[PDB]
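Q:
There are 2 protein chains.
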Amino acid sequence: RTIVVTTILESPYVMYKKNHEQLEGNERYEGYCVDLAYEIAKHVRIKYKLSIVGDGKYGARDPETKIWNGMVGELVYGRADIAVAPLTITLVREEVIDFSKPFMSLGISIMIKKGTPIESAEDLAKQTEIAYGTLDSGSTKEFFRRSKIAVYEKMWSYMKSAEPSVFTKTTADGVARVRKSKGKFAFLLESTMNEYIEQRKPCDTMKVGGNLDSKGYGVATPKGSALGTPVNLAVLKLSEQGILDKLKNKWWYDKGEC
Amino acid sequence: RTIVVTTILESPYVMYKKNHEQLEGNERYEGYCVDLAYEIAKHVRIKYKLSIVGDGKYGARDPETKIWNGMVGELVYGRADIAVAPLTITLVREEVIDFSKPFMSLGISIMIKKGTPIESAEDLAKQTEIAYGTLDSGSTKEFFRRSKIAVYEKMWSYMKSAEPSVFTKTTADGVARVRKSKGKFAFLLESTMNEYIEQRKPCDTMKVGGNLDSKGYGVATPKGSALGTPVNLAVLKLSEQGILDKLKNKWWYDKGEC
Ligand SMILES: N[C@@H](Cn1cc(Cl)c(=O)[nH]c1=O)C(=O)O
Ligand SMILES: N[C@@H](Cn1cc(Cl)c(=O)[nH]c1=O)C(=O)O
Ligand SMILES: [Zn+2]
Ligand SMILES: [Zn+2]
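Residue numbers (our numbering), protein chains in the order written: chain A, 1 to 258; chain B, 1001 to 1258.
1) Distance check for A:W68 and A:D62, CA to CA, integer angstroms please.
2) In chain A, which residues lie with their C-beta within 7 Å of the C-beta of B:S1105?
3) Chain A beta carbons: is any one of them nearer than 8 Å to that of B:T1090?
4) Run the proximity test for B:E1021: is its beta-carbon closer than 7 Å to any non-hydrogen atom belonging to ligand 4?
5) Do the stretch 162-175 of chain A and the stretch 70-86 of chain A touch if we need at least three Cβ pairs shorter than 8 Å?
6) Should A:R145 be labelled buried (16 or more other beta-carbon atoms within 10 Å of its own) or exposed?
7) Over what stretch of residues does the beta strand (DSSP E) that includes A:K47 continue unbroken?
8) Beta-carbon within less than 8 Å of B:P1012's beta-carbon, same chain only, minus the 5 sequence neighbours each way: which residues are those?
9) Going by DSSP, name the residue or residues bridged to A:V96.
10) Can you confirm whether A:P102, when its beta carbon is compared against all beta carbons of chain B, has any partner nearer than 8 Å?
11) Between the stretch 1141-1161 of chain B and chain A, which residues of the former have CB atoms less than 7 Å from a CB of the latter, in chain order?
12) Could you please tell me which residues of the stretch 231-245 of chain A, in chain order, have their CB closer than 8 Å to any CB of chain B?
13) Please confirm whether B:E1094 has its beta-carbon closer than 8 Å to some beta-carbon of chain A.
14) Considering only residues of the same chain and omitting the five flanking positions on each side of B:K1017, which have a CB-CB separation below 8 Å?
15) For the alpha helix (DSSP H) holding B:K1237, just list the boundary residues, first then last.
16) Could you give the uninterrupted runs of the alpha helix (DSSP H) lying entirely in the stretch 1076-1157 of chain B, keeping only those of 4 residues or more?
17) Confirm the yes/no value for this check: CB of A:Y48, any heavy atom of ligand 4, distance under 7 Å.
18) Count the other C-beta atoms from every protein chain shown that fall within 10 angstroms of the C-beta of B:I1052, then say buried if there are 16 or more, exposed otherwise.
19) Let me check you understand the geometry: is the CB of B:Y1132 closer than 7 Å to at least one non-hydrogen atom of ligand 4?
20) May I ask which residues mark the beginning and end of the alpha helix (DSSP H) holding B:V1034?
21) Can you grab the Cα-Cα spacing for the pair B:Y1048 / B:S1157, in whole Å?
22) Hey, how far is the Cα of B:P1222 from the Cα of B:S1100?
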């Protein structure tokens, strides 16, 4: 009767509170999705316990084993009742789980160290002085893999034979590599994260150009779950009341340092 | 076995072809949603006939009669099998029909005649020299009605006792009233339409400020329809292939006159 809510450690969605080591249960965490879970759980009238995904992944299906991993895997095999996180809505996933209507809108984008002579994906693909990559094992990576557009077809061929490995294990690791590499590495990541990093000290990065595509994040439940319909209406309710906007302001911009 | 596809006359989604009066069936029309219907019908493998909604409305429920009107009404009473149009995803509607994941992202916005001293909704609400309104009987109107935010709570109180009537019967009628009124009338409309009008002669209007909210358009089917799942996957497929973006470019910007 207590719902398991799977999520992922990723600022500023879910983070350890300043004195987390001295608390317990849901009180250890704070962030955008901690609040969202609270508001949803309040319209749907349920008790819940937040739970961090063991492998830290979003959700992909192994081509040989055909097992699903990450948060998606937790719903498919029945270990979690709902996922509340920055999980992208895609065709492959929608075949195996359900999504609510988007609670956030976004697209792929470019992050550079201030001063780098880059304005577009066309600028990146036509040179090799500057190396670039993506988070691993996510929808961003997958996007370049499956592209039939010329410029992106060019970029993925570079990233393919990149030495050393151009991908990263974490968003944090990417940003760090941008900050350390003195403008010789650029990072391709979702614009929600790009926009957040930009308002954080040391204030040395920035988003350049427009977005590569359009998409959204959804709250997910296993196929045929009874919580699916109540969760969708709840999301639409919060959007219509200005709660969603109020929450982005709180965690992105009301605490901006630059 | 031939699917009825309800839609609405609204540029540049659906329009009469240059010589429509000399054609028949689906050949009379052209636009963004005519193409979209074609691509969806091709992945879902069906034959279809486009049909223009009799009353020209989007979809609202009469508070005394409790009958639903517009395109929404056509699905609820079973006269159409699917709707393909700029129909906004809302909580009230989602209770009575189904929506696919959004094929377009947008929000409420401000249209002015070039030269008008307005930059924001805050600028509008704090004065009466300049009159303003919205399309009637749609989600935009409804948004100001239900708002509990101070500035919008102020704006809807004006529009309420406006003399003469500040609302309009058509998008076209609003734009026209902006162009004719020498900067004494401003129009609040969805930004998709604002952006399109801006790239049309006489090139005398423009979008000012940021969007009031975030939302999307969806393709709709009656509750429990068997076409619901195939239509959703088809939309996600077209989005992932760059078809959606390709189509917005075609009807908005590849033919821009300004
Ligand atoms: N949202 C993604 C994960 N994800 C996240 C970031 Cl910040 C990114 O740059 N790329 C991603 O794939 C998904 O659901 O796989
Ligand atoms: N999308 C709306 C209709 N609609 C359209 C325009 Cl262009 C507008 O400015 N306001 C609206 O309500 C709905 O579905 O009711
Ligand atoms: Zn710690
Ligand atoms: Zn004619």
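Ideal placement from N, C-alpha and C gives every residue a C-beta, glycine not left out.
A: The relevant details are as follows:
1) To locate residue 62 of chain A, count along the first sequence from 1; it is residue 62. To locate residue 68 of chain A, count along the first sequence from 1; it is residue 68. Answer to the nearest angstrom: the Cα atoms are 6 Å apart.
2) Reading the second sequence from its first residue, position 105 is the one you call residue 1105 of chain B. Against B:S1105, the close residues of chain A are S105, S214, in the order they occur along the chain (beta-carbon pairs closer than 7 Å).
3) Start at 1 with the first residue of the second sequence, and residue 1090 of chain B comes out as number 90. Nearest CB-CB separation between B:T1090 and chain A: below the 8 Å threshold.
4) The sequence position of residue 1021 of chain B within the second sequence is 21, counting from 1. Yes - ligand 4 has a heavy atom lying nearer than 7 Å to the Cβ of B:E1021.
5) Here the stretch 162-175 of chain A makes no contact with the stretch 70-86 of chain A; the two share fewer than three CB pairs at distances below 8 Å.
6) Indexing the first sequence from 1 puts residue 145 of chain A at position 145. A:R145 is exposed by the Cβ-count criterion.
7) Residue numbering aside, residue 47 of chain A sits at position 47 when the first sequence is read from its first letter. Run containing A:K47: 47-52, per the beta strand (DSSP E) assignment.
8) The count along the second sequence starts at 1 and reaches residue 1012 of chain B at position 12. Here the set comprises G1031, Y1032, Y1196, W1251, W1252.
9) For the purposes of this step, residue 96 of chain A is taken as residue 96 along the first sequence, with counting starting at 1. Looking at the DSSP output, A:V96 bridges to nothing.
10) Your numbering for residue 102 of chain A matches position 102 in the first sequence. It does: the Cβ of A:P102 has a partner Cβ on chain B nearer than 8 Å.
11) So the list reads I1149, given in the order they occur along the chain.
12) Under the 8 Å Cβ criterion, the stretch 231-245 of chain A contributes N232, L233, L236, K237, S239, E240, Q241, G242, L244, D245.
13) Along the second sequence, read from residue 1 onward, the residue named residue 1094 of chain B stands at position 94. Yes, because at least one Cβ of chain A sits closer than 8 Å to the Cβ of B:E1094.
14) Stepping through the second sequence from its first residue, residue 1017 of chain B is reached at position 17. For B:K1017, where only same-chain residues beyond five positions count, the Cβ hits under 8 Å are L1023, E1027, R1028, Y1029, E1030.
15) Counted from its first residue, the second sequence places residue 1237 of chain B at position 237. Segment 1228-1240, the alpha helix (DSSP H) holding B:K1237.
16) Here the runs fully enclosed are 1091-1094, 1121-1125, 1139-1145.
17) Here residue 48 of chain A is taken as the residue at index 48 of the first sequence, counted from 1. Checking the Cβ of A:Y48 against ligand 4 gives no.
18) Here residue 1052 of chain B refers to the residue found at position 52 of the second sequence. Exposed: under 16 other Cβ atoms inside 10 Å.
19) Here residue 1132 of chain B refers to the residue found at position 132 when the second sequence is read from its first residue. Because no heavy atom of ligand 4 lies under 7 Å away, the Cβ of B:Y1132 does not count as near it: no.
20) Working through the second sequence from its first residue, we reach residue 1034 of chain B at position 34. For B:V1034, the enclosing alpha helix (DSSP H) covers residues 1032-1043.
21) Here the question's residue 1048 of chain B lines up with position 48 in the second sequence. Here the question's residue 1157 of chain B lines up with position 157 in the second sequence. C-alpha of B:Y1048 to C-alpha of B:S1157: approximately 45 Å in a straight line.
22) Along the second sequence, one-based indexing puts residue 1222 of chain B at 222. Along the second sequence, one-based indexing puts residue 1100 of chain B at 100. Spanning the alpha carbons of B:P1222 and B:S1100 requires a straight line of approximately 11 Å.
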